[PDB]
Amino acid sequence: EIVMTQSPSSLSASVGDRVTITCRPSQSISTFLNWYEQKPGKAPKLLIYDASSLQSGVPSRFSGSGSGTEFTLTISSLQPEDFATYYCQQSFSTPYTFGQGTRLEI
Amino acid sequence: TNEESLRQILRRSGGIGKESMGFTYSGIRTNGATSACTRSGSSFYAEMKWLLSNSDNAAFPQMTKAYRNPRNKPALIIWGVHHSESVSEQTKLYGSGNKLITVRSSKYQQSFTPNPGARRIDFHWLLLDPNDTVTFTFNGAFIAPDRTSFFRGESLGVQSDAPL
Amino acid sequence: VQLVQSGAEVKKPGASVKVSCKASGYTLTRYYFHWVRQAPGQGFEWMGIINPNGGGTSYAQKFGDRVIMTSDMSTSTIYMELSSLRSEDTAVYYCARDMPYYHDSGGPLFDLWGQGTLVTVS
Amino acid sequence: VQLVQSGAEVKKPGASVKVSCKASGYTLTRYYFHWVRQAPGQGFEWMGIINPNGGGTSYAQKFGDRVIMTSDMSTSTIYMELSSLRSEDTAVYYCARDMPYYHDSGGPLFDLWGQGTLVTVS
Amino acid sequence: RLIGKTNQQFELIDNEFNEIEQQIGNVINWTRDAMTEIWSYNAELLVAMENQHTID
Amino acid sequence: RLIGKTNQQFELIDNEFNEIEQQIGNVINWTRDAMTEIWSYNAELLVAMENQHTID
Ligand SMILES: *[C@@H]1O[C@H](CO)[C@@H](O)[C@H](O)[C@H]1NC(C)=O
Ligand SMILES: *[C@@H]1O[C@H](CO)[C@@H](O)[C@H](O)[C@H]1NC(C)=O
Ligand SMILES: *[C@@H]1O[C@H](CO)[C@@H](O)[C@H](O)[C@H]1NC(C)=O
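Residue numbers (my numbering), protein chains in the order written: chain A, 645 to 750; chain B, 18 to 181; chain C, 7 to 128; chain D, 7 to 128; chain E, 17 to 72; chain F, 17 to 72.
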């Protein structure tokens, strides 16, 4: 297995702000990181995959980059729509693992 | 499987050239395993990786691999299915689950499953046509080829005890 | 288009639970399906994967032999059976339709998530 | 030369236990191995025999279907799995290497004993 | 003339150093033996024809 | 005279559009090929006999 951590675990932010969320794996997961959006009481949705390719239907506010043991996710110009918990997924090896989740608040 | 037919194919092959499958196995253990081949050291067969779970008891990933035949010669492709001595051994090596292997080409389709209760490797083979793609589906207990084979010039496979 | 799931269930310890998800729209043979636990306020845990093309399965050692997954092509159902239930199994169980994108590791890409089924054991 | 065993374990009733013994020096194929219980201040009880040449096993009816023995030739390990543990199973479990001397009855000759593993169920 | 009628390409069917399923092996052995008698007959007849023709 | 020796009822043994167990198929192919050589020999010999007899 591979264990990773998200940073920060939570943020206080306002609309129009730029937010960056990162993941730090115990070992290289060269490019194998997905990011998901979860709303409370609901299933999560895929935002970006392969650490750089957006899922269809995802707005331009979302983008990301990174490799090896450092990965990033950035959201530009926050809207009310964007206040959710964001999760990492390591597709590198079995068993597959997920991050702690990063929540956006005001 | 169909060992005699395969052996005869080699007997008239002219010799074997080898070429890499180009298969990348991220997160999968491909290290030496068996002591049976100690003559060259404790390792598995020179050109076929066991593809064990990254760690003992860990789940095997569901893999899909594909190889397109780049040349005008048919490719001889061999893959193995590992039959463990018992369920516990299979679990250690490939993790828990219903192990299923599927092999497909434009003119071939077959599914396999290992049967625990005896240590054995079952080798299965396919002749892949040019411009075709052999598709493999792995759920564990799959000994993957690192290289495939091409035939070169009509040999005569003689079985004999005489000196040269 | 959709994955929908059976209603929440309550089970006694040592009992078994079956959680069902139904798929509407696309065929099942084009995708792999995964079961992921959403622990009650804790992180996600991978349970296993099923390949509907031949019913092949693989499970994490954390669940090991406790889990049996199977599929029904005629009804488009992915129901999972979990045996030897414990109080620690209380969680929301999700069906995920994973697109086979990460050919390098066989890694899942969770394209579509199910509603989630709450299972309570006590 | 030696048989060594895994550390003592504590299990809850209804759970399973796995007890391991490792063999150093001689190959396993030349000997048969037996599991014998040393009840806590009571006499010895035969559990069963395993033949590592093909993993064949035989168990006393006192244990019946509760016991599954298996061997691992690559690590030289003889681990045994006992299911449906009861409070009566608290005991020291021994691995014995038995020389095939009594060809008349298939009887064991306990040439070498393991360290013994204490298993407590409660 | 005789050589041109016999010089044919042959391959191993039977794995001499191993074993093939006996039921099939019995069919193969029977077949080969029967064919041996057929070819032996053909050989004796052909040679006899050539000998008679040589005398003639 | 030649027709009466060849005009026989035949049936399919091999499923041409499918596959038969290769071990048996190898026996059948070998058998048919061997028989083809036997019949080819018989045909060449018989025709040669008829040709020699025609000349005679
Ligand atoms: C093999 O596929 C390639 C695809 O570009 C094609 O150009 C080539 O002619 C194919 N070879 C044959 C024998 O069809
Ligand atoms: C076939 O004949 C060979 C000798 O030519 C013999 O050794 C072999 O056992 C025979 N096969 C069977 C099935 O009897
Ligand atoms: C038998 O001969 C046919 C051609 O006449 C060939 O296509 C077939 O594959 C052969 N069978 C085997 C088992 O090689």
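We treat Cβ as the ideally placed atom computed from N, Cα and C, and that holds for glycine.
Contact set for residue i: own chain, Cβ-Cβ below 7 Å, skip 5 residues either direction
| i | result |
| --- | --- |
| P688 of chain A | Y680, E681, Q682 and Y731 |
| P46 of chain D | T96 and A97 |
| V23 of chain C | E15, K17, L88, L91 and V125 |
Chain F residues whose Cβ lies nearer than 9 Å to that of residue i
| i | result |
| --- | --- |
| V63 of chain E | None at all; the shortest Cβ gap to chain F is about 13 Å. |
Top-ranked residue by Cα proximity to residue i, from the options
| i | options | result |
| --- | --- | --- |
| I55 of chain C | C:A45, C:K17 and C:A66 | C:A66 |
| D149 of chain B | B:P133, B:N89, B:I118 and B:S105 | B:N89 |
| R121 of chain B | B:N74, B:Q25, B:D139 and B:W96 | B:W96 |
| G20 of chain E | F:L61, F:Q24 and F:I71 | F:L61 |
| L9 of chain D | D:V23, D:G20, D:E15 and D:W41 | D:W41 |
| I719 of chain A | A:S653, A:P684, A:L691 and A:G685 | A:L691 |
| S64 of chain C | B:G114, B:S57, B:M38 and B:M80 | B:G114 |
| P19 of chain C | C:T123, C:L91 and C:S111 | C:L91 |
| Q25 of chain B | B:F77, B:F168 and B:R85 | B:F168 |
| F676 of chain A | A:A728, A:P703 and A:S711 | A:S711 |
| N132 of chain B | B:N71, B:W67, B:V151 and B:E106 | B:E106 |
| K124 of chain B | B:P147, B:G58 and B:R136 | B:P147 |
| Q176 of chain B | E:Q25, E:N31, E:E35 and E:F26 | E:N31 |
| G743 of chain A | A:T666, A:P684 and A:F706 | A:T666 |
| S654 of chain A | A:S700, A:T664 and A:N678 | A:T664 |
| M648 of chain A | A:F706, A:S721, A:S700 and A:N678 | A:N678 |
Cβ neighbour criterion (16 or more within 10 Å) applied to residue i
| i | result |
| --- | --- |
| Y57 of chain E | exposed |
| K116 of chain B | buried |
| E749 of chain A | exposed |
| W46 of chain E | exposed |
| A64 of chain F | exposed |
| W55 of chain F | exposed |
| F33 of chain E | exposed |
| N57 of chain C | buried |
| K66 of chain B | buried |
Under 9 Å from the C-beta of residue i: neighbouring residues of chain E
| i | result |
| --- | --- |
| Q39 of chain F | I36, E37 and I40 |
Residue i to residue j span [Cα, whole Å]
| i | j | result |
| --- | --- | --- |
| residue 2 of chain C | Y111 of chain B | Chain C is shown from 7 up to 128; residue 2 of chain C falls before or after that span and cannot be answered. |
| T713 of chain A | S674 of chain A | 7 Å |
| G708 of chain A | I138 of chain B | 45 Å |
| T35 of chain D | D117 of chain D | 15 Å |
| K17 of chain C | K109 of chain B | 31 Å |
| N23 of chain F | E53 of chain F | 18 Å |
| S172 of chain B | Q127 of chain B | 30 Å |
| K686 of chain A | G122 of chain C | 8 Å |
| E725 of chain A | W142 of chain B | 55 Å |
| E20 of chain B | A50 of chain F | 23 Å |
| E94 of chain C | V73 of chain C | 15 Å |
| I45 of chain B | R48 of chain E | 51 Å |
| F727 of chain A | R747 of chain A | 7 Å |
| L698 of chain A | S704 of chain A | 9 Å |
| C101 of chain C | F39 of chain C | 7 Å |
| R662 of chain A | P652 of chain A | 14 Å |
| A695 of chain A | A92 of chain B | 36 Å |
| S22 of chain B | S30 of chain C | 46 Å |
| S57 of chain B | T51 of chain B | 11 Å |
| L88 of chain C | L88 of chain D | 22 Å |
| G61 of chain D | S128 of chain D | 31 Å |
Chain B contact residues for residue i, given Cβ-Cβ distances below 7 Å
| i | result |
| --- | --- |
| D78 of chain D | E106 |
| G61 of chain D | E102 and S103 |
Same chain, Cβ closer than 6 Å to residue i, five either side skipped, listed in chain order
| i | result |
| --- | --- |
| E51 of chain D | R43 |
| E64 of chain B | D163 and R164 |
| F69 of chain C | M53 |
| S26 of chain C | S12, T83 and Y85 |
Same chain, Cβ closer than 8 Å to residue i, neighbours up to 5 away in sequence not counted
| i | result |
| --- | --- |
| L115 of chain C | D104, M105, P106, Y107 and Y108 |
| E645 of chain A | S737, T738, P739 and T741 |
| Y32 of chain C | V7 |
Neighbouring residues, chain E, relative to residue i (Cβ below 8 Å)
| i | result |
| --- | --- |
| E66 of chain F | Residues of chain E passing the Cβ test: none, with the nearest at roughly 14 Å. |
| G31 of chain B | Those do not exist, as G31 of chain B stays about 14 Å from chain E at its closest Cβ, beyond 8 Å. |
Neighbour list for residue i in chain A, Cβ cutoff strictly below 8 Å
| i | result |
| --- | --- |
| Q121 of chain C | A687 |
Partner residues on chain C for residue i, Cβ-Cβ distance less than 8 Å
| i | result |
| --- | --- |
| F77 of chain B | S64 |
Interface partners of residue i on chain C, CB under 7 Å
| i | result |
| --- | --- |
| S735 of chain A | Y108, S111, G113 and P114 |
Neighbouring residues, chain B, relative to residue i (Cβ below 8 Å)
| i | result |
| --- | --- |
| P739 of chain A | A75 and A76 |
| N31 of chain E | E21, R24 and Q176 |
Contact set between residue i and chain D, taken where Cβ atoms lie within less than 7 Å
| i | result |
| --- | --- |
| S52 of chain B | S80 |
Chain I contact for residue i (CB, 7 Å cutoff)
| i | result |
| --- | --- |
| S128 of chain B | You won't find chain I in this structure, because its protein chains are A, B, C, D, E and F. |
- Closer than 7 Å to ligand 4: residues, by C-beta to nearest heavy atom, in chain order: With respect to small molecules bound, the structure shown includes ligand 1, ligand 2 and ligand 3 and not ligand 4.
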